[PDB]
Amino acid sequence: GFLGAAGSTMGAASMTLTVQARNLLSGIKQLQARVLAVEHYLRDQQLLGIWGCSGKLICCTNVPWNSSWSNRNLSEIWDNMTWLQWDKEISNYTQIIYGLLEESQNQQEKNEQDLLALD
Amino acid sequence: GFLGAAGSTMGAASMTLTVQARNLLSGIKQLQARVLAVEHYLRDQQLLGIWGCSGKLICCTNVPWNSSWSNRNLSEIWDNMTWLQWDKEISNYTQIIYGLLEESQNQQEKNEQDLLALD
Amino acid sequence: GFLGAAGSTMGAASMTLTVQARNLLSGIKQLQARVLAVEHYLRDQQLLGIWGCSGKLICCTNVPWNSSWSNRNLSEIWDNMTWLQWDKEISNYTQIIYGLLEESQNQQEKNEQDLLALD
Amino acid sequence: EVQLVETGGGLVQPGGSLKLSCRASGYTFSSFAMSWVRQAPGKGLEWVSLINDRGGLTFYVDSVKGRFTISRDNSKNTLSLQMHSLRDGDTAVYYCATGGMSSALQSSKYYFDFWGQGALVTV
Amino acid sequence: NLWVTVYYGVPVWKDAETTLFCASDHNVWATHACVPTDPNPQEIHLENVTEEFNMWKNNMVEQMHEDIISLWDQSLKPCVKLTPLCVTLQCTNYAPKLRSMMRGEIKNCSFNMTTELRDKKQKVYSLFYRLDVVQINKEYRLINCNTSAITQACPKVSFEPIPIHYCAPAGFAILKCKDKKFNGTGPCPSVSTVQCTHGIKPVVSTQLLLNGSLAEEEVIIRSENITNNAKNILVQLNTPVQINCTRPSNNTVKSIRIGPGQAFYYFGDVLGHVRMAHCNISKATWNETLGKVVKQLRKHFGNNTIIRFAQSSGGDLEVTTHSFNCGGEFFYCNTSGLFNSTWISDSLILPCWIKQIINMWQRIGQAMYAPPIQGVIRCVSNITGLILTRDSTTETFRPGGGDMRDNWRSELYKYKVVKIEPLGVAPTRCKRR
Amino acid sequence: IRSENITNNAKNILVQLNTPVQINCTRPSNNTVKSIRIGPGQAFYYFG
Amino acid sequence: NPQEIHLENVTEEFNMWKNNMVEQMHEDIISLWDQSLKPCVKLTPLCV
Ligand SMILES: *[C@@H]1O[C@H](CO)[C@@H](O[C@@H]2O[C@H](CO)[C@@H](O)[C@H](O)[C@H]2NC(C)=O)[C@H](O)[C@H]1NC(C)=O
Ligand SMILES: *[C@@H]1O[C@H](CO)[C@@H](O[C@@H]2O[C@H](CO)[C@@H](O)[C@H](O)[C@H]2NC(C)=O)[C@H](O)[C@H]1NC(C)=O
Ligand SMILES: *[C@@H]1O[C@H](CO)[C@@H](O[C@@H]2O[C@H](CO)[C@@H](O)[C@H](O)[C@H]2NC(C)=O)[C@H](O)[C@H]1NC(C)=O
Ligand SMILES: *[C@@H]1O[C@H](CO)[C@@H](O[C@@H]2O[C@H](CO)[C@@H](O)[C@H](O)[C@H]2NC(C)=O)[C@H](O)[C@H]1NC(C)=O
Ligand SMILES: *[C@@H]1O[C@H](CO)[C@@H](O)[C@H](O)[C@H]1NC(C)=O
Ligand SMILES: *[C@@H]1O[C@H](CO)[C@@H](O)[C@H](O)[C@H]1NC(C)=O
Ligand SMILES: *[C@@H]1O[C@H](CO)[C@@H](O)[C@H](O)[C@H]1NC(C)=O
Ligand SMILES: *[C@@H]1O[C@H](CO)[C@@H](O)[C@H](O)[C@H]1NC(C)=O
Ligand SMILES: *[C@@H]1O[C@H](CO)[C@@H](O)[C@H](O)[C@H]1NC(C)=O
Ligand SMILES: *[C@@H]1O[C@H](CO)[C@@H](O)[C@H](O)[C@H]1NC(C)=O
Ligand SMILES: *[C@@H]1O[C@H](CO)[C@@H](O)[C@H](O)[C@H]1NC(C)=O
Ligand SMILES: *[C@@H]1O[C@H](CO)[C@@H](O)[C@H](O)[C@H]1NC(C)=O
Ligand SMILES: *[C@@H]1O[C@H](CO)[C@@H](O)[C@H](O)[C@H]1NC(C)=O
Ligand SMILES: *[C@@H]1O[C@H](CO)[C@@H](O)[C@H](O)[C@H]1NC(C)=O
Ligand SMILES: *[C@@H]1O[C@H](CO)[C@@H](O)[C@H](O)[C@H]1NC(C)=O
Ligand SMILES: *[C@@H]1O[C@H](CO)[C@@H](O)[C@H](O)[C@H]1NC(C)=O
Ligand SMILES: *[C@@H]1O[C@H](CO)[C@@H](O)[C@H](O)[C@H]1NC(C)=O
Ligand SMILES: *[C@@H]1O[C@H](CO)[C@@H](O)[C@H](O)[C@H]1NC(C)=O
Ligand SMILES: *[C@@H]1O[C@H](CO)[C@@H](O)[C@H](O)[C@H]1NC(C)=O
Ligand SMILES: *[C@@H]1O[C@H](CO)[C@@H](O)[C@H](O)[C@H]1NC(C)=O
Ligand SMILES: *[C@@H]1O[C@H](CO)[C@@H](O)[C@H](O)[C@H]1NC(C)=O
Ligand SMILES: *[C@@H]1O[C@H](CO)[C@@H](O)[C@H](O)[C@H]1NC(C)=O
Ligand SMILES: *[C@@H]1O[C@H](CO)[C@@H](O)[C@H](O)[C@H]1NC(C)=O
Ligand SMILES: *[C@@H]1O[C@H](CO)[C@@H](O)[C@H](O)[C@H]1NC(C)=O
Ligand SMILES: *[C@@H]1O[C@H](CO)[C@@H](O)[C@H](O)[C@H]1NC(C)=O
Ligand SMILES: *[C@@H]1O[C@H](CO)[C@@H](O)[C@H](O)[C@H]1NC(C)=O
Ligand SMILES: *[C@@H]1O[C@H](CO)[C@@H](O)[C@H](O)[C@H]1NC(C)=O
Ligand SMILES: *[C@@H]1O[C@H](CO)[C@@H](O)[C@H](O)[C@H]1NC(C)=O
Ligand SMILES: *[C@@H]1O[C@H](CO)[C@@H](O)[C@H](O)[C@H]1NC(C)=O
């Protein structure tokens with residue numbers, strides 16, 4: 001169900017992303033609400049685009065983990081914490097992570113162009 | 001031309017998908033109509049996304065054909081049927097196929113993540 | 001900055017595509033303006049999709065340059081000309097390139113489907 | 001005019017390591033791709049490694065892929081080569097050179113346009 | 001050996017006309033469909049970029065016009081419509097025993113007002129300005145009676161202009177010429193991209209441009225065709241001239257009920273002396289400013305050509321006089337002494353009349369009644385430009401005026417709206433697998 | 001001949017012809033027109 | 001048919017006095033009231 005995994009651990013919750021994603025699209029003020037929802041959806045799709053993640057729900061990238069953002073171990077993060085707790089844990093670093101992802105994808109695309117140029 | 005292949009066989013009609021794709025996008029009720037057209041377009045694009053087909057008109061998956069949905073051979077389906085007749089013959093199965101496609105993409109994404117995890 | 005590289009050479013300006021991509025998504029007439037902006041964005045994304053570029057910002061294709069569109073050498077184009085001048089220079093050829101890109105992608109997708117069909 | 005000068009260490013032993021460094025002048029360093037090549041007294045010219053203009057991409061001959069690293073510092077206009085094991089068959093005069101590759105916004109090169117003086121690596 | 005590479009995010013734009021957003025950090029100029037301005041608006045200079053501007057083809061002015069008309073109509077709808085006011089007026093002179101030049105301008109009229117109950121009438125006495133009352137042919141009627149019903153503006157709504165910032169919708173951008181001595185048309189080599197314009201005060205005036213922008217260096221004369229006498233000439237000053245305007249007479253406002261919850265306000269007894277409203281401009285400042293305007297005219301028309309100024313005495317009073325909103329009250333100032341010089345190779349008093357019934361934007365059929373304002377009114381405004389029109393050995397021209405779009409154009413002359421085209425192609429040495 | 005149900009007398013029959021029939025209709029009288037003002041900005045027009 | 005799902009191990013903080021649904025409820029109800037009574041008889045002749 002929608003948000004059914006919200007209280008589950010991050011690992012278990014990672015298996016329910018499809019239902020939550022599919023329910024994101026589902027006088028003047030309601031039309032404004034529909035337009036705003038579309039704009040937010042497209043903002044998320046464009047953010048995935050500039051990172052090279054537009055084609056999938058789970059997209060691995062080439063940006064390493066800083067460890068200053070959070071020093072919890074992998075097992076702790078995925079098996080003990082919930083996604084709300086994780087969001088709080090790194091709420092101060094989102095604008096840095098997104099910028100690094102943007103730079104990484106830009107370098108990846110330029111590298112692909114240079115590799116394709118080889119005869 | 002737009003829908004020119006509607007009466008053509010499925011095989012020949014598969015070569016005209018570009019025209020319909022471009023023709024899906026081309027006073028309060030006029031704005032409402034445009035918003036609804038956008039919502040339907042985005043629902044279809046998200047549905048292709050969850051299937052891993054966001055960038056293609058034709059994409060293959062790993063989901064097998066049940067054969068109970070339709071026991072016609074490929075020659076009969078592609079040469080002796082129109083898309084309208086095919087759509088009618090599987091009208092009771094479409095949502096089952098959609099569910100299987102979503103599960104297949106979820107398994108592919110998790111398997112891809114695990115393969116990428118190997119050094 | 002938005003359009004900060006607009007006066008830069010095409011080569012230098014190619015490194016700021018993500019600034020434009022991010023910024024382009026930043027009483028009834030105002031809602032109409034927002035909906036039209038969304039429709040233009042979606043038409044551009046659909047146009048990239050039909051070409052098979054998915055979410056890539058720099059998309060390399062299989063369509064050769066004819067040289068009748070512009071006979072400048074690569075170095076002159078990228079180092080001694082801006083995007084405004086270049087876009088004006090080839091304004092009469094844009095729809096031909098777009099048609100060639102759509103045909104090339106349709107052939108590529110059919111070839112990929114046939115390759116996948118091989119056991 | 002354009003100058004390119006190889007520097008680095010001299011005598012090495014098998015199993016060790018050696019860093020070579022090339023200083024460039026007379027042109028924009030970051031505008032050209034570069035490579036490392038070697039000339040042994042008993043051999044002809046051979047290519048060892050290739051680096052792009054940015055430095056993101058590196059290529060090596062199969063015989064050194066597991067030991068050699070090519071890198072560049074664009075702000076210092078300096079090309080570096082880190083070598084390991086330094087086998088007897090690796091004794092040669094090493095050179096760095098400009099050219100050999102292009103960004104795909106500049107015309108095709110695939111040639112070594114400017115060669116340095118060279119430095120002798122003796123095992 | 002080259003292939004087509006498709007780029008998304010190309011900094012290329014094309015000319016386009018679209019809807020602009022209102023931004024502003026009750027007042028009739030405050031649009032409800034308007035958001036706060038950016039706390040830190042960005043201005044990004046475009047180096048090595050030249051853009052062709054044309055103030056006479058700028059579609060931002062038409063949007064500002066439509067926005068102001070819509071805003072005022074929406075603001076006046078929820079106000080009392082003065083339908084019972086068009087009645088026979090028994091009028092005399094308020095203060096005939098005066099020696100000032102104001103005598104005879106104010107009429108003391110008596111009428112009936114319908115009270116609140118339909119079966120009762122209330123005899124009422126009030127004062128009106130001469131220019132608002134016409135004899136029926138003593139018996140007088142309101143000037144608007146043969147045009148339309150007149151709506152009373154809500155007195156709680158201020159008319160003081162609020163700077164309005166125009167912001168591009170997503171997908172579009174605003175370019176600023178940002179070029180000293182730009183004449184309104186042609187290439188601008190100093191183009192800067194702004195998300196929103198600076199605040200434009202929606203000041204309503206004729207002949208003189210008030211509370212506007214100044215020229216960066218010198219006086220700038222802008223015209224669609226400088227040699228076409230039929231085109232309006234907009235002169236932007238680089239040295240603001242202060243104008244001291246006042247309605248020195250005192251006032252009180254009476255209030256009666258005319259319907260079920262509909263109150264009507266009217267001018268009452270004048271306290272102290274009865275004196276005519278007027279404006280003050282120092283003579284030396286005007287002489288020097290006008291000399292600068294003449295120097296620009298010499299640049300355009302020749303050094304030895306005789307230049308003559310004259311008043312636009314013909315036409316409607318709303319055009320022949322200066323229309324000035326002083327403290328919320330509408331002044332109609334003669335100001336003929338400002339355009340009386342001839343040029344070859346202590347202070348001035350500008351009489352003003354007061355009107356309570358006005359017709360804005362030359363829209364015949366939509367009269368508006370201005371409420372009276374208590375007390376004595378004094379204001380100081382900046383003259384930042386002039387409007388001139390022209391009718392050879394001698395070149396004679398007049399202030400002209402009478403079209404609000406030019407005033408907004410005067411402020412918006414330096415902005416253009418363009419659509420962003422993120423897609424483009426270029427040859428590269430690459431090929432898709 | 002079009003109908004929802006050609007034998008149901010509660011519905012209309014819509015007949016589309018295969019030939020036009022020209023019809024010339026007129027008001028032959030030469031009528032006077034007058035106009036008056038009835039209120040501020042309001043006017044009534046009437047047959048004279 | 002309603003659709004709801006219980007969230008186990010979720011401890012959300014609520015504040016009924018900061019909820020913007022109350023303002024929408026109020027605005028919508030007054031809007032419905034005012035709009036529904038527009039096409040009705042205004043009793044001007046009763047103020048006599
Ligand atoms: C415009 O200038 C005249 C001077 O010609 C001002 O008139 C004086 O106003 C003061 C105000 O207290 C009086 O005390 C003087 O007796 C007036 N003198 C004359 C000769 O009129 C007038 O007030 C000025 N108006 C403005 C708005 O500045
Ligand atoms: C307008 O004129 C009327 C009469 O023409 C004024 O009414 C009279 O004013 C005098 C002033 O002392 C009184 O003594 C009378 O009793 C008034 N008569 C009535 C019937 O009211 C009226 O005051 C004038 N209006 C103004 C503003 O001066
Ligand atoms: C031009 O700007 C001046 C300065 O704000 C305006 O004058 C002020 O108007 C307000 C309105 O209530 C008064 O409270 C101030 O005391 C006035 N100050 C001065 C120095 O006059 C003036 O009204 C503006 N002009 C127009 C046409 O809007
Ligand atoms: C319809 O037909 C009648 C006669 O069939 C027309 O009537 C004639 O109109 C003319 C017009 O000047 C007269 O001079 C004749 O005397 C009329 N004759 C009769 C018998 O009425 C009538 O005008 C026709 N109307 C139209 C619209 O065609
Ligand atoms: C809540 O915690 C309990 C503890 O074991 C767990 O069994 C349950 O599945 C958790 N809830 C969810 C939605 O995962
Ligand atoms: C971790 O973040 C800090 C932030 O100041 C940065 O200095 C450091 O280099 C980062 N480390 C890595 C490995 O990214
Ligand atoms: C990971 O963090 C949890 C948090 O309590 C801790 O119990 C666990 O031992 C940690 N594991 C490692 C390997 O650090
Ligand atoms: C975020 O920063 C604020 C101070 O700026 C600090 O109080 C808060 O604890 C930080 N939160 C996290 C998750 O780092
Ligand atoms: C229509 O049917 C005829 C039958 O002979 C066939 O030749 C033709 O190709 C068909 N066309 C389409 C579009 O189905
Ligand atoms: C085909 O559909 C039937 C329907 O019940 C199902 O029982 C059967 O398992 C399906 N077979 C395959 C291979 O999907
Ligand atoms: C397909 O099936 C039909 C009957 O369902 C049969 O007549 C036809 O020959 C079959 N074709 C092939 C290629 O199996
Ligand atoms: C779908 O189910 C309905 C249920 O009555 C049936 O009438 C129809 O023929 C079915 N269609 C298919 C293709 O199974
Ligand atoms: C503009 O031209 C000057 C001329 O040399 C150059 O130095 C500068 O880098 C250029 N800037 C851009 C953004 O093109
Ligand atoms: C290149 O341009 C010429 C000009 O007529 C045209 O004939 C030719 O077909 C074009 N080739 C391609 C591949 O577009
Ligand atoms: C590009 O063409 C111009 C045209 O004269 C020429 O001067 C220039 O040298 C050419 N550059 C290359 C790299 O071919
Ligand atoms: C494009 O067409 C216009 C006329 O429509 C012509 O003036 C211009 O030179 C053409 N440009 C090219 C590159 O063909
Ligand atoms: C008020 O109405 C009466 C008639 O009831 C009329 O005689 C009188 O003149 C009116 N008052 C004025 C000032 O005209
Ligand atoms: C009455 O209306 C006419 C035009 O219909 C206008 O010219 C005239 O001035 C109006 N009367 C007054 C007193 O303004
Ligand atoms: C503005 O300056 C340009 C400069 O070439 C000139 O061509 C144009 O006529 C001028 N226009 C006016 C109104 O001064
Ligand atoms: C501008 O004015 C001059 C003055 O005679 C005239 O000759 C010219 O045709 C006018 N041009 C336009 C475009 O109005
Ligand atoms: C306008 O009035 C202000 C108010 O003090 C005064 O300081 C200023 O000098 C006056 N200017 C003129 C030109 O009268
Ligand atoms: C100021 O007035 C005098 C007349 O006494 C005139 O000669 C002078 O030119 C005027 N100032 C300017 C700048 O023209
Ligand atoms: C006016 O003087 C300027 C020099 O300031 C000169 O260039 C111009 O030709 C003169 N014009 C006439 C008509 O004398
Ligand atoms: C201004 O006053 C003069 C004084 O004679 C008069 O002739 C002129 O018509 C007046 N102008 C206006 C617009 O009232
Ligand atoms: C214009 O100036 C002359 C003197 O130069 C004067 O006699 C005349 O009355 C003035 N007219 C106006 C309207 O100021
Ligand atoms: C103007 O009239 C008001 C009436 O309330 C009074 O309070 C004020 O003192 C008067 N001022 C002058 C200068 O007469
Ligand atoms: C007039 O311009 C000056 C320029 O500094 C400014 O300080 C003053 O506030 C302005 N006054 C008005 C009323 O616009
Ligand atoms: C219309 O024509 C079709 C032709 O087969 C017929 O079956 C149908 O009953 C007709 N309906 C009416 C209402 O005439
Ligand atoms: C059509 O009308 C006839 C007339 O009696 C009736 O018997 C028949 O049931 C009707 N059918 C429909 C579908 O309305």
# chains A, B, ... in the order shown; residues from 1 in each chain; ligands from 1
call {"tool": "residues_near_ligand", "arguments": {"ligand": "ligand 17", "cutoff": "8 Å", "atoms": "only C-alpha atoms and all ligand atoms", "output": "ChimeraX atom specification"}}
result
/E:88-90,109-112,121-125
call {"tool": "write_last_selection", "arguments": {"atoms": "N, CA and C atoms", "output": "short mmCIF file (atom, residue, chain, number, x, y, z; two decimals), in the first residue's frame"}}
result
data_model
loop_
_atom_site.label_atom_id
_atom_site.label_comp_id
_atom_site.auth_asym_id
_atom_site.auth_seq_id
_atom_site.Cartn_x
_atom_site.Cartn_y
_atom_site.Cartn_z
N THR E 88 -31.52 66.42 -9.97
CA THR E 88 -31.47 67.86 -10.16
C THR E 88 -30.78 68.48 -8.96
N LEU E 89 -29.84 69.38 -9.23
CA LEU E 89 -29.04 70.04 -8.20
C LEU E 89 -29.43 71.51 -8.16
N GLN E 90 -29.85 71.98 -6.99
CA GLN E 90 -30.16 73.40 -6.79
C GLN E 90 -28.89 74.03 -6.26
N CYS E 109 -24.48 72.98 -3.72
CA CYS E 109 -25.65 72.35 -4.32
C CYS E 109 -26.47 71.61 -3.27
N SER E 110 -27.79 71.64 -3.45
CA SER E 110 -28.74 70.94 -2.60
C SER E 110 -29.54 69.96 -3.45
N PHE E 111 -29.85 68.79 -2.88
CA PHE E 111 -30.56 67.78 -3.66
C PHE E 111 -31.30 66.89 -2.65
N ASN E 112 -31.70 65.70 -3.10
CA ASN E 112 -32.26 64.64 -2.28
C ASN E 112 -31.45 63.38 -2.58
N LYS E 121 -37.06 60.54 1.80
CA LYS E 121 -36.05 61.32 1.11
C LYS E 121 -35.32 62.19 2.13
N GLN E 122 -34.03 62.40 1.91
CA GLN E 122 -33.19 63.22 2.78
C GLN E 122 -32.62 64.38 1.97
N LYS E 123 -33.01 65.60 2.31
CA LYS E 123 -32.44 66.76 1.64
C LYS E 123 -31.00 66.91 2.10
N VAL E 124 -30.07 67.06 1.15
CA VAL E 124 -28.64 67.12 1.46
C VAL E 124 -28.01 68.32 0.76
N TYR E 125 -27.08 68.96 1.46
CA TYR E 125 -26.26 70.06 0.96
C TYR E 125 -24.81 69.62 0.85
#
call {"tool": "interface_residues", "arguments": {"of": "chain A", "to": "chain E", "cutoff": "12 Å", "atoms": "only C-alpha atoms", "output": "VMD selection string"}}
result
chain A and resid 39 49 to 50 109 to 119
call {"tool": "write_last_selection", "arguments": {"atoms": "N, CA and C atoms", "output": "PDB file, in the first residue's frame"}}
result
ATOM      1  N   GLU A  39       4.262  19.964 -11.745  1.00  0.00           N
ATOM      2  CA  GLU A  39       5.541  20.664 -11.698  1.00  0.00           C
ATOM      3  C   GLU A  39       6.505  19.982 -10.739  1.00  0.00           C
ATOM      4  N   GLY A  49      17.211  13.215 -14.277  1.00  0.00           N
ATOM      5  CA  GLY A  49      17.816  13.369 -15.591  1.00  0.00           C
ATOM      6  C   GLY A  49      19.233  13.901 -15.539  1.00  0.00           C
ATOM      7  N   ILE A  50      19.432  15.025 -14.843  1.00  0.00           N
ATOM      8  CA  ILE A  50      20.754  15.641 -14.812  1.00  0.00           C
ATOM      9  C   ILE A  50      21.772  14.751 -14.109  1.00  0.00           C
ATOM     10  N   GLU A 109      29.324  12.279 -18.792  1.00  0.00           N
ATOM     11  CA  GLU A 109      28.866  12.473 -20.163  1.00  0.00           C
ATOM     12  C   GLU A 109      29.997  12.980 -21.044  1.00  0.00           C
ATOM     13  N   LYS A 110      30.843  13.869 -20.514  1.00  0.00           N
ATOM     14  CA  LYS A 110      31.948  14.348 -21.337  1.00  0.00           C
ATOM     15  C   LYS A 110      32.915  13.204 -21.631  1.00  0.00           C
ATOM     16  N   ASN A 111      33.153  12.341 -20.637  1.00  0.00           N
ATOM     17  CA  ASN A 111      34.030  11.198 -20.852  1.00  0.00           C
ATOM     18  C   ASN A 111      33.440  10.267 -21.900  1.00  0.00           C
ATOM     19  N   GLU A 112      32.118  10.076 -21.875  1.00  0.00           N
ATOM     20  CA  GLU A 112      31.494   9.219 -22.875  1.00  0.00           C
ATOM     21  C   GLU A 112      31.676   9.814 -24.261  1.00  0.00           C
ATOM     22  N   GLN A 113      31.565  11.140 -24.374  1.00  0.00           N
ATOM     23  CA  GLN A 113      31.744  11.757 -25.683  1.00  0.00           C
ATOM     24  C   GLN A 113      33.172  11.559 -26.167  1.00  0.00           C
ATOM     25  N   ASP A 114      34.142  11.653 -25.257  1.00  0.00           N
ATOM     26  CA  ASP A 114      35.527  11.476 -25.677  1.00  0.00           C
ATOM     27  C   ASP A 114      35.816  10.021 -26.038  1.00  0.00           C
ATOM     28  N   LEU A 115      35.201   9.070 -25.330  1.00  0.00           N
ATOM     29  CA  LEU A 115      35.392   7.659 -25.654  1.00  0.00           C
ATOM     30  C   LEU A 115      34.758   7.303 -26.990  1.00  0.00           C
ATOM     31  N   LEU A 116      33.582   7.860 -27.279  1.00  0.00           N
ATOM     32  CA  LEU A 116      32.932   7.582 -28.555  1.00  0.00           C
ATOM     33  C   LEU A 116      33.744   8.131 -29.716  1.00  0.00           C
ATOM     34  N   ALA A 117      34.504   9.200 -29.482  1.00  0.00           N
ATOM     35  CA  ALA A 117      35.306   9.804 -30.534  1.00  0.00           C
ATOM     36  C   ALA A 117      36.437   8.907 -31.011  1.00  0.00           C
ATOM     37  N   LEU A 118      36.815   7.891 -30.241  1.00  0.00           N
ATOM     38  CA  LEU A 118      37.933   7.053 -30.644  1.00  0.00           C
ATOM     39  C   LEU A 118      37.501   6.167 -31.804  1.00  0.00           C
ATOM     40  N   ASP A 119      38.295   6.168 -32.868  1.00  0.00           N
ATOM     41  CA  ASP A 119      37.994   5.370 -34.046  1.00  0.00           C
ATOM     42  C   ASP A 119      38.122   3.882 -33.743  1.00  0.00           C
TER      43      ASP A 119
END
call {"tool": "residues_around", "arguments": {"residues": "stretch 91-99 of chain A", "least_positions_apart": "6", "cutoff": "12 Å", "atoms": "only C-alpha atoms", "output": "tab-separated table (two decimals) with C-alpha atoms, in the first residue's frame"}}
result
chain	number	residue	atom	x	y	z
A	44	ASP	CA	12.01	15.24	-9.60
A	47	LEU	CA	16.78	16.02	-11.10
A	48	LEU	CA	17.06	12.34	-12.00
A	49	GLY	CA	17.82	13.37	-15.59
A	50	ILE	CA	20.75	15.64	-14.81
A	51	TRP	CA	22.18	12.82	-12.65
A	61	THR	CA	26.23	6.77	-9.02
A	62	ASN	CA	29.98	7.47	-9.04
A	63	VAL	CA	30.00	9.95	-6.11
A	64	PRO	CA	31.71	8.48	-3.01
A	65	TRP	CA	30.23	8.82	0.44
A	66	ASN	CA	31.91	11.67	2.33
A	67	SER	CA	31.36	10.03	5.78
A	68	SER	CA	31.09	13.54	7.31
A	69	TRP	CA	27.42	13.61	6.28
A	70	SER	CA	26.81	10.56	8.47
A	83	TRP	CA	13.64	6.64	5.92
A	84	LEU	CA	12.22	9.50	7.99
A	85	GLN	CA	15.10	9.17	10.44
A	105	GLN	CA	27.15	13.19	-14.34
A	106	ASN	CA	28.56	16.10	-16.35
C	18	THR	CA	22.80	21.80	-16.36
C	19	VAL	CA	22.31	25.42	-15.31
C	22	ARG	CA	17.67	23.27	-13.81
call {"tool": "residues_around", "arguments": {"residues": "residue A:42", "least_positions_apart": "3", "cutoff": "12 Å", "atoms": "only C-alpha atoms", "output": "list in words"}}
result
residues 24, 25, 35, 36, 37, 38, 39, 45, 46, 47, 48, 49 and 54 of chain A; 38, 39, 42, 45 and 46 of chain B; 21, 22, 24, 25, 26, 37, 38, 39, 41, 42 and 45 of chain C
call {"tool": "interface_residues", "arguments": {"of": "chain D", "to": "chain C", "cutoff": "12 Å", "atoms": "only C-alpha atoms", "output": "PyMOL selection string"}}
result
chain D and resi 31+102-108
call {"tool": "write_last_selection", "arguments": {"atoms": "N, CA, C and O atoms", "output": "PDB file, in the first residue's frame"}}
result
ATOM      1  N   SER D  31      44.814  22.468 -23.096  1.00  0.00           N
ATOM      2  CA  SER D  31      44.210  22.420 -24.420  1.00  0.00           C
ATOM      3  C   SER D  31      44.682  21.243 -25.264  1.00  0.00           C
ATOM      4  O   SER D  31      44.105  21.009 -26.333  1.00  0.00           O
ATOM      5  N   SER D 102      42.137  13.843 -29.027  1.00  0.00           N
ATOM      6  CA  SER D 102      41.387  15.090 -29.070  1.00  0.00           C
ATOM      7  C   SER D 102      40.009  14.929 -28.439  1.00  0.00           C
ATOM      8  O   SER D 102      39.398  13.858 -28.480  1.00  0.00           O
ATOM      9  N   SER D 103      39.542  16.037 -27.857  1.00  0.00           N
ATOM     10  CA  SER D 103      38.321  16.158 -27.062  1.00  0.00           C
ATOM     11  C   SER D 103      37.019  15.925 -27.821  1.00  0.00           C
ATOM     12  O   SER D 103      35.974  15.858 -27.170  1.00  0.00           O
ATOM     13  N   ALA D 104      37.040  15.847 -29.151  1.00  0.00           N
ATOM     14  CA  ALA D 104      35.893  15.725 -30.066  1.00  0.00           C
ATOM     15  C   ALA D 104      35.210  17.070 -30.284  1.00  0.00           C
ATOM     16  O   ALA D 104      34.179  17.117 -30.964  1.00  0.00           O
ATOM     17  N   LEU D 105      35.739  18.153 -29.721  1.00  0.00           N
ATOM     18  CA  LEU D 105      35.385  19.510 -30.095  1.00  0.00           C
ATOM     19  C   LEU D 105      36.515  20.161 -30.878  1.00  0.00           C
ATOM     20  O   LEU D 105      36.306  21.215 -31.488  1.00  0.00           O
ATOM     21  N   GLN D 106      37.697  19.550 -30.869  1.00  0.00           N
ATOM     22  CA  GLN D 106      38.869  19.943 -31.625  1.00  0.00           C
ATOM     23  C   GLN D 106      39.072  18.881 -32.695  1.00  0.00           C
ATOM     24  O   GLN D 106      38.565  17.761 -32.581  1.00  0.00           O
ATOM     25  N   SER D 107      39.803  19.229 -33.748  1.00  0.00           N
ATOM     26  CA  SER D 107      39.944  18.297 -34.855  1.00  0.00           C
ATOM     27  C   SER D 107      40.737  17.063 -34.433  1.00  0.00           C
ATOM     28  O   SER D 107      41.408  17.042 -33.399  1.00  0.00           O
ATOM     29  N   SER D 108      40.639  16.020 -35.257  1.00  0.00           N
ATOM     30  CA  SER D 108      41.312  14.763 -34.963  1.00  0.00           C
ATOM     31  C   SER D 108      42.817  14.957 -34.941  1.00  0.00           C
ATOM     32  O   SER D 108      43.373  15.690 -35.764  1.00  0.00           O
TER      33      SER D 108
END
call {"tool": "residues_near_ligand", "arguments": {"ligand": "ligand 23", "cutoff": "12 Å", "atoms": "only C-alpha atoms and all ligand atoms", "output": "list in words"}}
result
residues 295, 296, 297, 298, 299, 300, 301, 302, 303, 304, 305, 306, 345 and 393 of chain E
